[PDB]
Each structure stands twice: as structure tokens, then as C-alpha cells.
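Peer 1: Data file start_19.pdb (PDB, N, CA and C atoms) is appended below.
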```
ATOM      1  N   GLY A 651     261.095  60.803 105.855  1.00  0.00           N
ATOM      2  CA  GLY A 651     262.539  60.892 106.206  1.00  0.00           C
ATOM      3  C   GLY A 651     263.235  62.044 105.510  1.00  0.00           C
ATOM      4  N   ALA A 652     264.281  62.569 106.139  1.00  0.00           N
ATOM      5  CA  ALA A 652     265.034  63.681 105.573  1.00  0.00           C
ATOM      6  C   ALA A 652     265.820  63.242 104.343  1.00  0.00           C
ATOM      7  N   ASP A 653     266.954  62.593 104.577  1.00  0.00           N
ATOM      8  CA  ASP A 653     267.805  62.119 103.492  1.00  0.00           C
ATOM      9  C   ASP A 653     268.339  63.289 102.674  1.00  0.00           C
ATOM     10  N   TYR A 654     269.586  63.663 102.934  1.00  0.00           N
ATOM     11  CA  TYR A 654     270.214  64.773 102.226  1.00  0.00           C
ATOM     12  C   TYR A 654     271.605  64.405 101.759  1.00  0.00           C
ATOM     13  N   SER A 655     272.427  63.946 102.686  1.00  0.00           N
ATOM     14  CA  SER A 655     273.782  63.548 102.352  1.00  0.00           C
ATOM     15  C   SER A 655     273.788  62.197 101.655  1.00  0.00           C
ATOM     16  N   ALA A 656     272.634  61.823 101.129  1.00  0.00           N
ATOM     17  CA  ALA A 656     272.484  60.578 100.410  1.00  0.00           C
ATOM     18  C   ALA A 656     272.426  60.872  98.934  1.00  0.00           C
ATOM     19  N   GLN A 657     271.690  61.924  98.587  1.00  0.00           N
ATOM     20  CA  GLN A 657     271.578  62.316  97.197  1.00  0.00           C
ATOM     21  C   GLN A 657     272.969  62.612  96.660  1.00  0.00           C
ATOM     22  N   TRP A 658     273.773  63.238  97.510  1.00  0.00           N
ATOM     23  CA  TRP A 658     275.139  63.579  97.168  1.00  0.00           C
ATOM     24  C   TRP A 658     276.012  62.330  97.218  1.00  0.00           C
ATOM     25  N   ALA A 659     275.717  61.449  98.163  1.00  0.00           N
ATOM     26  CA  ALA A 659     276.464  60.207  98.294  1.00  0.00           C
ATOM     27  C   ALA A 659     276.136  59.261  97.143  1.00  0.00           C
ATOM     28  N   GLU A 660     275.038  59.545  96.436  1.00  0.00           N
ATOM     29  CA  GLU A 660     274.616  58.719  95.312  1.00  0.00           C
ATOM     30  C   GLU A 660     275.537  58.907  94.112  1.00  0.00           C
ATOM     31  N   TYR A 661     275.981  60.139  93.895  1.00  0.00           N
ATOM     32  CA  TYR A 661     276.868  60.438  92.774  1.00  0.00           C
ATOM     33  C   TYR A 661     278.183  59.689  92.915  1.00  0.00           C
ATOM     34  N   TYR A 662     278.749  59.728  94.112  1.00  0.00           N
ATOM     35  CA  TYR A 662     280.007  59.049  94.377  1.00  0.00           C
ATOM     36  C   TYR A 662     279.908  57.573  94.004  1.00  0.00           C
ATOM     37  N   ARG A 663     278.699  57.024  94.095  1.00  0.00           N
ATOM     38  CA  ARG A 663     278.470  55.624  93.759  1.00  0.00           C
ATOM     39  C   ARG A 663     278.768  55.362  92.288  1.00  0.00           C
ATOM     40  N   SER A 664     278.767  56.421  91.483  1.00  0.00           N
ATOM     41  CA  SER A 664     279.029  56.283  90.057  1.00  0.00           C
ATOM     42  C   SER A 664     280.264  57.064  89.627  1.00  0.00           C
ATOM     43  N   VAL A 665     280.719  57.978  90.473  1.00  0.00           N
ATOM     44  CA  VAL A 665     281.901  58.766  90.166  1.00  0.00           C
ATOM     45  C   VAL A 665     283.151  58.084  90.716  1.00  0.00           C
ATOM     46  N   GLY A 666     283.081  56.761  90.866  1.00  0.00           N
ATOM     47  CA  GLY A 666     284.205  56.014  91.393  1.00  0.00           C
ATOM     48  C   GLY A 666     284.577  56.470  92.779  1.00  0.00           C
ATOM     49  N   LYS A 667     283.591  56.983  93.501  1.00  0.00           N
ATOM     50  CA  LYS A 667     283.818  57.446  94.858  1.00  0.00           C
ATOM     51  C   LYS A 667     282.875  56.758  95.828  1.00  0.00           C
ATOM     52  N   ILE A 668     282.278  55.665  95.375  1.00  0.00           N
ATOM     53  CA  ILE A 668     281.359  54.892  96.202  1.00  0.00           C
ATOM     54  C   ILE A 668     281.950  54.676  97.587  1.00  0.00           C
ATOM     55  N   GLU A 669     283.275  54.586  97.644  1.00  0.00           N
ATOM     56  CA  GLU A 669     283.963  54.399  98.914  1.00  0.00           C
ATOM     57  C   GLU A 669     283.911  55.684  99.726  1.00  0.00           C
ATOM     58  N   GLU A 670     284.468  56.756  99.172  1.00  0.00           N
ATOM     59  CA  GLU A 670     284.451  58.047  99.845  1.00  0.00           C
ATOM     60  C   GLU A 670     283.012  58.472 100.111  1.00  0.00           C
ATOM     61  N   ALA A 671     282.085  57.918  99.330  1.00  0.00           N
ATOM     62  CA  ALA A 671     280.675  58.225  99.489  1.00  0.00           C
ATOM     63  C   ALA A 671     280.195  57.806 100.869  1.00  0.00           C
ATOM     64  N   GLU A 672     280.783  56.736 101.405  1.00  0.00           N
ATOM     65  CA  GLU A 672     280.403  56.253 102.727  1.00  0.00           C
ATOM     66  C   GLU A 672     280.465  57.383 103.747  1.00  0.00           C
ATOM     67  N   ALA A 673     281.443  58.266 103.580  1.00  0.00           N
ATOM     68  CA  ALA A 673     281.599  59.404 104.475  1.00  0.00           C
ATOM     69  C   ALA A 673     280.418  60.345 104.341  1.00  0.00           C
ATOM     70  N   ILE A 674     280.326  60.983 103.183  1.00  0.00           N
ATOM     71  CA  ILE A 674     279.243  61.907 102.903  1.00  0.00           C
ATOM     72  C   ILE A 674     277.893  61.201 102.999  1.00  0.00           C
ATOM     73  N   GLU A 675     277.906  59.871 102.949  1.00  0.00           N
ATOM     74  CA  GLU A 675     276.678  59.098 103.048  1.00  0.00           C
ATOM     75  C   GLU A 675     276.228  59.000 104.500  1.00  0.00           C
ATOM     76  N   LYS A 676     277.183  59.104 105.423  1.00  0.00           N
ATOM     77  CA  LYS A 676     276.876  59.027 106.844  1.00  0.00           C
ATOM     78  C   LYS A 676     276.147  60.280 107.322  1.00  0.00           C
ATOM     79  N   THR A 677     276.246  61.364 106.555  1.00  0.00           N
ATOM     80  CA  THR A 677     275.578  62.609 106.927  1.00  0.00           C
ATOM     81  C   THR A 677     274.081  62.524 106.641  1.00  0.00           C
ATOM     82  N   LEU A 678     273.704  61.643 105.718  1.00  0.00           N
ATOM     83  CA  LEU A 678     272.303  61.468 105.357  1.00  0.00           C
ATOM     84  C   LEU A 678     271.513  60.846 106.504  1.00  0.00           C
ATOM     85  N   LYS A 679     272.194  60.054 107.331  1.00  0.00           N
ATOM     86  CA  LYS A 679     271.550  59.397 108.467  1.00  0.00           C
ATOM     87  C   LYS A 679     270.715  60.387 109.274  1.00  0.00           C
ATOM     88  N   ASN A 680     269.432  60.485 108.937  1.00  0.00           N
ATOM     89  CA  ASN A 680     268.526  61.396 109.627  1.00  0.00           C
ATOM     90  C   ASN A 680     267.347  60.636 110.228  1.00  0.00           C
ATOM     91  N   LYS A 681     267.651  59.598 111.000  1.00  0.00           N
ATOM     92  CA  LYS A 681     266.618  58.789 111.635  1.00  0.00           C
ATOM     93  C   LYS A 681     266.512  59.113 113.123  1.00  0.00           C
ATOM     94  N   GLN A 682     267.660  59.276 113.771  1.00  0.00           N
ATOM     95  CA  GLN A 682     267.696  59.588 115.194  1.00  0.00           C
ATOM     96  C   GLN A 682     267.056  60.947 115.469  1.00  0.00           C
ATOM     97  N   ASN A 683     267.583  61.984 114.826  1.00  0.00           N
ATOM     98  CA  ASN A 683     267.064  63.335 115.001  1.00  0.00           C
ATOM     99  C   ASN A 683     265.819  63.553 114.147  1.00  0.00           C
TER     100      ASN A 683
END
```
So, in terms of C-alpha cells, how does the structure I just supplied come out?
Peer 2:
Amino acid sequence: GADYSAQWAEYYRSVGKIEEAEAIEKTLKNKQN
């Protein structure tokens, strides 16, 4: 699997941005393509 906007979305999980991370976390979704 690719997984890119997840590594970045991981930081938000600890930078009190776990919520905003959902956004940048949606970019990691690399299953369809």
C-alpha cells in the first residue's frame, strides 16, 4: 500500500490536531487507485 497522507496525519494525532488530521488523513487513502 502507498500510505502518504497518513504519516503526516499521524503527527496531528499528537499535535492536538487529530481532528484536522482527518482531512490530511483522507489523502492517504490509496486503495482505490
Peer 1: Would you mind listing what lies within 8 Å of segment 654-666 of chain A as an MDAnalysis selection string, with only C-alpha atoms counted and same-chain residues fewer than 3 positions away left out?
Peer 2: chainID A and resid 669:672 674:679
Peer 1: Just to confirm, what's the straight-line distance from atom C of residue 673 of chain A to atom C of residue 651 of chain A in Å (one decimal)?
Peer 2: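 We find that atom C of residue 673 of chain A and atom C of residue 651 of chain A lie 17.3 Å from each other.
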Peer 1: In Å, with one decimal, what is the gap from atom N of residue 682 of chain A to atom CA of residue 667 of chain A?
Peer 2: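 Between atom N of residue 682 of chain A and atom CA of residue 667 of chain A the gap works out to 24.9 Å.
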Peer 1: Among chain A, which ones does DSSP place in helix (DSSP H, G or I), written as JSON, numbers by chain?
Peer 2: {"A": [657, 658, 659, 660, 661, 662, 668, 669, 670, 671, 672, 673, 674, 675, 676]}
Peer 1: Enclose the full set of atoms of segment 655-669 of chain A listed in the file within a box whose edges lie along x, y and z, apply 5 Å of padding to each of the six sides, and report centre and edge lengths in Å to one decimal as JSON.
Peer 2:
```
{"center_x": 278.1, "center_y": 59.2, "center_z": 96.2, "size_x": 23.0, "size_y": 19.5, "size_z": 23.1}
```
